[PDB]
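Along the sequence shown, residues carry numbers from 1.
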Amino acid sequence: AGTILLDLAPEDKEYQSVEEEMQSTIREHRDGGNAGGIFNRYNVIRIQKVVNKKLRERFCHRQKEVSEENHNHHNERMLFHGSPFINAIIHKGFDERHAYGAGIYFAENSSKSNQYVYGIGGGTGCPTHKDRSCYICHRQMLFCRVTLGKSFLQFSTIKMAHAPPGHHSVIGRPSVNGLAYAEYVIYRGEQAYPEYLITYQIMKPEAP
Ligand SMILES: N#Cc1cccnc1N1CCN(C(=O)c2cccc(Cc3n[nH]c(=O)c4ccccc34)c2)CC1
Ligand SMILES: [Zn+2]
């Protein structure tokens, strides 16, 4: 469907709120930066608002259904999503049929989503230099509206095909000797809208 990308100005409070969420949710991973690279900050290049009529209709229709089922609590959250398929998502929307557990995954930590931008485990890194820690190539991630409804809380790895009865999402919570970062899972593509398209670089730490 026909998508319009609206550029946000760095002086706008909306652009600043998105950047602040992205910068403040960075964590150090157990990985040592193997999947996403070594950095403590991003360089934000562009923040674009995604406008798609058909995707907004599917999203709003699903949100109303979830709110009705969950005593008027749709429990919407803004969460990050990193993937090599950003172009398909902003035009056709999120699709659970591509998941390959089996649901659509989001993170509350931008650094978690950054590990998936080039593929699982960071794939082979950027197309040009084949570098998972590339400081040059422009990466993209989404900051999405996610309809969570009633969330089912667990510590184990999410090995479910659908949300349990009475629930609309699954949350994998960090625990000592378990997950390092929280994972948010939905099983219907209509329960996420790709609101913001963020273009950025990971920054190389200063030399002592
Ligand atoms: N839609 C569509 C689509 C179209 C064309 C091709 N692949 C499409 N997929 C692949 C499937 N999907 C997923 O979300 C997924 C499924 C399994 C694993 C991951 C990894 C993942 N990634 N990113 C994140 O921020 C994150 C955050 C927390 C945990 C794990 C993760 C993600 C949905 C998107
Ligand atoms: Zn590169």
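- We find that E96 and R188 are not joined by a salt bridge, their nearest charged nitrogen and carboxylate oxygen being 4.0 Å or further apart.
- Under a hydrophobic clustering in which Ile, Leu, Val, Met, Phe, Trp and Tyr are joined whenever their side-chain heavy atoms come within less than 4.5 Å, directly or via other members, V50 and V44 fall into different clusters.
- Judged by distance alone, with hydrogens and angles left aside, the side-chain atoms of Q16 form a donor-acceptor pair with the main-chain N or O of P10 at under 3.5 Å.
- Between the SG atom in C144 and the CD atom in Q191 there is a gap of 13.5 Å [rounded to 0.5 Å].
- We find that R58 and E190 are not joined by a salt bridge, their nearest charged nitrogen and carboxylate oxygen being 4.0 Å or further apart.
- Crowding of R173 atom CZ: a count of heavy atoms from other residues, nucleotides or ligands under 6.0 Å not exceeding 12.
- Within the model, atoms CE of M203 and CG of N40 stand 8.5 Å from one another, a figure rounded to the nearest 0.5 Å.
- The CD1 atom of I186 sits 7.0 Å away from atom CZ of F94, with the distance rounded to the nearest 0.5 Å.
- Cluster membership check: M78 shares its hydrophobic cluster with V18, using side-chain heavy-atom separations under 4.5 Å among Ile, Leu, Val, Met, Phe, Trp and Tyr.
- A continuous path of hydrophobic side-chain contacts links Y193 to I86 [ILVMFWY only; heavy atoms under 4.5 Å].
- Formation of a donor-acceptor pair under 3.5 Å by the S113 side chain with backbone atoms of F80 is found in this model.
- A continuous path of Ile, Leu, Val, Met, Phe, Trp and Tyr side chains, each step under 4.5 Å between heavy atoms, connects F143 with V117, placing both in one hydrophobic cluster.
- Ion pairing between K49 and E14 holds under the 4.0 Å rule for side-chain N and carboxylate O.
- A donor-acceptor pair under 3.5 Å is absent between the side-chain atoms of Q115 and the main chain of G36, judged by distance alone.
- Side chain of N70 to main chain of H73: a donor-acceptor pair is present (N/O by atom type, distance under 3.5 Å, no hydrogens or angles).
- Remark: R30 CZ is packed, more than 12 non-hydrogen atoms of other residues, nucleotides or ligands lying under 6.0 Å away.
- Counted by atom type alone, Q23 and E19 present one or more donor-acceptor pairs between their side chains at under 3.5 Å.
- Between the side chain of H81 and the main chain of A107, no donor-acceptor pair closer than 3.5 Å is present.
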Stepwise side chain to side chain donor-acceptor pair (under 3.5 Å) check, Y184 with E108: CA-CA 8 Å; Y184 293 78; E108 58 175 36; 2.6 Å; yes

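- Within the model, atoms CD1 of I89 and CG of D95 stand 10.0 Å from one another, a figure rounded to the nearest 0.5 Å.
- The pair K53-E57 counts as a salt bridge, with a side-chain nitrogen and a carboxylate oxygen less than 4.0 angstrom apart.
- Here the CD1-OH distance, from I202 to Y135, works out to 5.0 Å after rounding to the nearest 0.5 Å.
- A donor-acceptor pair under 3.5 Å links the side-chain atoms of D31 to the main chain of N34, judged by distance alone.
- Minimum interatomic distance between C137 and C134 (heavy atoms only, all atoms of both residues): N-SG, 3.5 Å.
- Checked against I198 for a side-chain contact (heavy atoms from CB on, under 4.5 Å), the options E21, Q140, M22, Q48 give a single hit: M22.
- Of the possible polar contacts, none joining the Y200 side chain to the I47 backbone as a donor-acceptor pair under 3.5 Å is found.
- Each of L148, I158, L153 was evaluated against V170; a single residue qualifies, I158, per the side-chain contact (heavy atoms from CB on, under 4.5 Å) test.
- A donor-acceptor pair under 3.5 Å is formed between the side chain of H168 and the backbone N or O of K150.
- Formation of a donor-acceptor pair under 3.5 Å by the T147 side chain with backbone atoms of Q63 is not found in this model.
- A distance-only check finds no donor-acceptor pair linking the side chain of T3 to the backbone of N52 [under 3.5 Å].
- In this structure, the separation between CD1 on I38 and NE2 on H29 is 13.5 Å, given to the nearest 0.5 Å.
- Two different hydrophobic clusters hold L179 and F106 under the rule that ILVMFWY side chains link at heavy-atom gaps under 4.5 Å.
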Can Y118 and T124 be said to form a side chain to side chain donor-acceptor pair (under 3.5 Å), step by step? CA-CA 7 Å; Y118 290 132; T124 52; over 6 Å; no

